[PDB]
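Structure first, commentary second.
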Amino acid sequence: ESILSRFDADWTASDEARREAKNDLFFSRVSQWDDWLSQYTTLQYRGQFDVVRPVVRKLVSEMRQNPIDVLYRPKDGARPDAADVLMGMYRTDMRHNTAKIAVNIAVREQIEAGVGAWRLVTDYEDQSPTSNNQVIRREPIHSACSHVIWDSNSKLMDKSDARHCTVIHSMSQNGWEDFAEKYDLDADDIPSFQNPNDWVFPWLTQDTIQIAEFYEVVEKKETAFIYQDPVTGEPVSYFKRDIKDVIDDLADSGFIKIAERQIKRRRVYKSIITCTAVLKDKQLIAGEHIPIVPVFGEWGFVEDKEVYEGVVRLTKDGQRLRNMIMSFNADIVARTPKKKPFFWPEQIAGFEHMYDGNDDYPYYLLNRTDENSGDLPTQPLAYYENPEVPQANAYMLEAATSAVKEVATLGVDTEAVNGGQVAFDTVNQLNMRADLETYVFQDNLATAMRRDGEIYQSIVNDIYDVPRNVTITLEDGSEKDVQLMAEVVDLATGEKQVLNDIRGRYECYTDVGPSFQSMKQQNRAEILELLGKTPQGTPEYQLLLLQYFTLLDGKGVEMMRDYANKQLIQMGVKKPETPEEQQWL
Amino acid sequence: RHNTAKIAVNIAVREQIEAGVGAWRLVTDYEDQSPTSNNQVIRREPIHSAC
Amino acid sequence: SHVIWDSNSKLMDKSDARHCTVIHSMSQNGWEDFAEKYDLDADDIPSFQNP
Amino acid sequence: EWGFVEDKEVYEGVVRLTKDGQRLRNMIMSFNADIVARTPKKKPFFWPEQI
Amino acid sequence: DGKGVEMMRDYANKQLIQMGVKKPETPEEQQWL
């Protein structure tokens with residue numbers, strides 16, 4: 001079977017473990033806790049000098065300067081149905097605390113540390129009583145760095161990859177939690193793992209031993225519309241194709257274009273196929289959309305080795321001098337053979353009374369007479385203990401300063417229009433990602449069995465098809481003005497329950513560019529160094545009245561356009577949601 | 001209909017020294033996605049450095 | 001100090017069972033606790049959290 | 001785009017200047033870091049009879 | 001809500017108008033019909 005190896009696809013990092021596969025934390029862990037791997041005759045005090053994170057988390061303030069807040073892109077695209085009140089259903093992104101920090105916690109994947117296992121509100125259908133069309137958005141996680149590695153293409157969101165490779169509610173004893181609340185197995189799985197123990201045992205907890213699973217393999221539906229080989233019995237009639245250009249029309253020999261197909265067919269799938277594995281029937285829902293998956297930082301790789309570049313590169317090197325003034329003091333005060341007076345300790349032989357401070361000052365037992373020394377003075381004034389006293393301290397901190405400020409530099413800017421834009425900030429333009437893309441491109445999951453009065457009330461559409469005349473109500477009575485009444489018009493009703501492709505919709509997405517919000521931010525006027533906008537003109541009075549009505553997010557805003565009916569009706573710019581109007585005078 | 005095309009200059013286009021240059025790809029003609037009206041295009045990665 | 005949370009957490013819509021640990025501590029003359037409700041022999045004597 | 005002299009197609013980046021000045025900082029730490037073990041805070045002598 | 005203020009609450013009623021359109025945040029009012 002050609003599937004003989006999926007073994008070496010994903011976790012192949014276990015094959016490269018000889019040297020580099022442990023360095024994922026070598027870009028991170030060297031800051032916190034232990035640092036020096038080289039042994040080499042050094043003493044204990046360590047770990048309290050680190051000084052890394054300030055530049056790391058100072059980037060949190062540098063994440064979002066541009067507001068990065070717009071959505072739904074108004075324009076004239078399509079048939080007049082749902083677009084008047086703009087969003088009529090979901091404000092729900094601004095509803096919940098975690099949802100408006102969802103973008104803010106989403107900007108925290110771009111530098112930080114490794115990305116871990118993923119979970120949403122324990123999967124699906126747990127909360128939000130609703131029309132099933134959508135629920136809010138996915139929730140990111142914390143920590144879980146060094147456990148797994150993902151290699152297929154694994155750069156940016158332009159890729160189509162095997163759907164939902166693995167998704168884990170990870171490492172808690174209650175952590176199995178509700179994923180077994182569909183149907184309970186033993187509730188326990190127990191794969192047996194391994195690490196470089198290295199026969200050491202300062203540490204105890206060995207437990208990983210949890211669930212890792214698969215979704216679907218190879219291919220799902222190909223479009224590949226085929227009308228061909230009708231004669232001869234359709235031998236090997238299935239085929240695939242790239243370009244449609246020059247074939248033109250063969251129809252002289254055949255029929256015309258009416259067909260339907262079977263998109264539901266068995267195809268052989270062996271997934272992980274662990275030797276001892278089990279049946280695992282029916283985990284999936286109607287194909288389509290499961291917005292679980294993130295995007296990663298963008299860099300080119302020299303080898304199959306992962307490429308990632310952090311700040312630590314310099315901070316792990318040029319900071320040795322900062323502790324050299326420490327590197328000396330520790331052991332020079334740890335040895336300390338109690339520096340002693342000399343040349344009149346010839347009676348130094350041990351006493352008791354002397355150590356107390358002896359407020360009687362003269363010790364007054366001494367002698368000058370010595371065994372023959374010849375002629376000259378002898379001077380034991382020389383070096384015995386001297387401190388560090390390095391002479392270069394002046395310019396060192398300026399060199400290392402220039403280095404650290406070489407690293408800490410991002411987008412040096414002054415004021416006004418210069419802007420705070422950085423590539424790390426540009427990946428926040430795409431941080432909408434999974435949630436919207438999946439149900440805007442693929443819309444099936446829905447309640448939405450309704451048409452023409454749920455199409456069993458369709459009797460309401462019977463009007464004039466009968467030969468004789470029922471129509472044309474008598475003139476302009478107050479009898480019936482009421483809404484939802486049939487007179488003449490026929491309806492095409494609404495779209496069929498979404499088949500995942502029709503355009504004129506896709507009316508709603510983000511406009512990236514100037515930060516201008518829904519109502520009148522930059523388009524109205526502007527923020528940068530200026531004053532006194534309103535110019536001179538007669539109609540610019542009323543056209544200035546049109547300017548500042550602004551927000552629909554308020555309370556009495558519905559009075560706004562309801563104020564437009566006055567002798568001010570002369571304008572004629574009034575086109576609100578109002579059903580009828582044509583009111584007074 | 002997407003900003004991802006504007007961002008995708010990424011590490012490729014800006015870089016003539018640290019690694020290989022960028023690239024660009026238009027739509028390979030007549031992918032069956034969205035065959036309705038005038039203009040339909042999206043984009044892909046510019047080619048990897050490869051020294 | 002010595003209170004530690006192991007159940008599950010992180011979603012305030014209450015996905016899972018929470019309030020895993022709720023205790024009031026350092027009550028000696030604070031005997032008002034739950035003696036306005038039910039107190040008879042106070043026979044509990046558990047073992048918790050003490051290092 | 002850059003105009004060139006001879007034969008093969010080569011135009012480097014704008015910055016070749018990183019080599020020279022940046023070698024010598026590693027030299028500064030090198031001449032010491034080699035001799036740091038060779039000046040390890042050692043003993044005075046010879047009136048001491050410690051031996 | 002102030003000390004002696006009817007005015008910062010809606011006092012409008014008729015004010016300067018022609019007829020018929022207020023429909024306020026406050027009750028029916030409409031002194032003379």
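Note that we place each Cβ from the backbone using ideal geometry, even for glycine, and neighbour counts take in every protein chain shown. Coordinate-derived values only; no laboratory data.
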Going through the range A:273-296 in order, the residues found to be of a type outside the set (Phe, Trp, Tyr), surrounded by 11 or more Cβ atoms within 10 Å (Cβ to Cβ) and either closer than 15 Å to residue A:163 by Cβ or under 28 Å from the mean Cα position of the chain (by Cα) (or both) are A:283, A:284, A:285, A:287, A:288, A:289, A:290, A:291, A:292, A:293, A:294, A:295
Residue hits (the range A:407-460; closer than 30 Å to residue A:315 by Cα and over 28 Å from the mean Cα position of the chain (by Cα)) are A:414, A:415
Given (1) out of contact with any helix residue (DSSP H, G or I) (no Cβ under 8 Å at 6 or more places or on another chain); (2) loosely packed, with under 13 Cβ neighbours inside 10 Å; (3) closer than 30 Å to residue A:327 by Cα, residue A:43 misses just (1)
Of (1) within 14 Å of chain C (Cβ to nearest Cβ); (2) surrounded by 14 or more Cβ atoms within 10 Å (Cβ to Cβ); (3) part of a loop (DSSP other than H, G, I, E, B), residue A:142 fails just (2)
Flagged pairs (Cβ under 9 angstrom, 6 or more apart or on separate chains; first in the range A:151-174, within 12 Å of another protein chain (Cβ to nearest Cβ); second among the hydroxyl-bearing types (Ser, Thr, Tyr)) are A:156/B:4; A:157/B:4; A:158/B:4; A:159/A:152; A:169/A:122; A:171/A:208; A:172/C:7; A:174/C:7
Restricted to the range A:356-389 and to residues being closer than 21 Å to residue A:340 by Cβ and in contact (Cβ under 8 Å) with a residue 24 or more places away in the chain, the residue surrounded by the most Cβ atoms within 10 Å (Cβ to Cβ) is A:384
For the range A:175-202 the number of residues that are among the acidic types (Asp, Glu), closer than 23 Å to residue A:216 by Cβ and within 14 Å of another protein chain (Cβ to nearest Cβ) is 2
Condition set loosely packed, with under 10 Cβ neighbours inside 10 Å and within 45 Å of the chain's Cα centre (by Cα), scope the range A:224-240, selection farthest from residue A:167 (Cα to Cα): answer is A:239
Among A:148, A:121, the single one that is within 12 Å of chain C (Cβ to nearest Cβ) and of a type in the set (A, V, I, L, M) is A:121
Residue hits (the range A:523-535; within 22 Å of residue A:70 (Cβ to Cβ) and exposed (fewer than 12 other Cβ atoms within 10 Å of the Cβ)) are A:523, A:527, A:528
Selection over the range A:145-179 where residues are surrounded by fewer than 16 Cβ atoms within 10 Å (Cβ to Cβ) and not in a loop (DSSP other than H, G, I, E, B) yields a count of 1
Exactly one of A:408, A:448, A:403, A:434 is in contact (Cβ under 8 Å) with a residue 60 or more places away in the chain, more than 14 Å from every other protein chain (Cβ to nearest Cβ), aliphatic (A, V, I, L, M) and touching a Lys or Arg at 6+ places or on another chain (Cβ under 9 Å), and that residue is A:408
If we keep only residues of the range A:86-99 that are within 13 Å of chain C (Cβ to nearest Cβ) and of a type outside the set (S, T, N, Q), then the residue farthest from residue A:130 (Cα to Cα) is A:99
Within the range A:59-111, residues being without any contact (Cβ under 8 Å) to a residue 60 or more places away in the chain, part of a loop (DSSP other than H, G, I, E, B) and crowded, with 16+ Cβ neighbours inside 10 Å number 2
**Asked** If we scan the range C:9-19, do we find a residue that is away from every other protein chain (no Cβ under 11 Å), at positive phi and not hydrophobic (A, V, I, L, M, F, W, C)?
**Response** yes
Looking across the range A:324-344 at residues that are surrounded by 10 or more Cβ atoms within 10 Å (Cβ to Cβ) and over 60 Å from the mean Cα position of the chain (by Cα), the single one that is farthest from residue A:41 (Cα to Cα) is A:344
With the first residue restricted to the range E:11-33 and required to be more than 17 Å from residue A:564 (Cβ to Cβ), and the second required to be small (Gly, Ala, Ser) and loosely packed, with under 11 Cβ neighbours inside 10 Å, Cβ contacts under 9 Å at 6 or more apart or on different chains are E:25/A:556
- request: Output yes when any residue across the range A:17-34 is of a type in the set (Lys, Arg) and touching a helix residue (DSSP H, G or I) at 6+ places or on another chain (Cβ under 9 Å), and no when none is.
  value: no
Of (1) free of Cβ contacts under 8 Å to residues at least 60 places away in the same chain; (2) surrounded by 11 or more Cβ atoms within 10 Å (Cβ to Cβ); (3) hydroxyl-bearing (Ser, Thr, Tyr), residue A:538 fails just (2)
Of all helices (runs of 4 or more DSSP H) fully inside the range A:390-451, the set with 3 or more residues that are surrounded by 17 or more Cβ atoms within 10 Å (Cβ to Cβ), on the phi < 0 side of the Ramachandran plot and of a type outside the set (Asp, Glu) is A:434-441
Can you spot a residue in the range B:23-38 that is within 14 Å of chain D (Cβ to nearest Cβ) and surrounded by 13 or more Cβ atoms within 10 Å (Cβ to Cβ)? no
When (1) more than 51 Å from the chain's Cα centre (by Cα); (2) of a type outside the set (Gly, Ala, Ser); (3) on the phi < 0 side of the Ramachandran plot are applied to residue A:496, the one that fails is (1)
(1) closer than 21 Å to residue A:446 by Cβ; (2) of a type in the set (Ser, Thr, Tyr); (3) surrounded by 15 or more Cβ atoms within 10 Å (Cβ to Cβ) all hold for residue A:131 apart from (3)
| Residue match in the range A:243-255 (condition: loosely packed, with under 11 Cβ neighbours inside 10 Å, within 30 Å of residue A:442 (Cα to Cα), without any contact (Cβ under 8 Å) to a residue 24 or more places away in the chain and β-branched (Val, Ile, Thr)) | yes
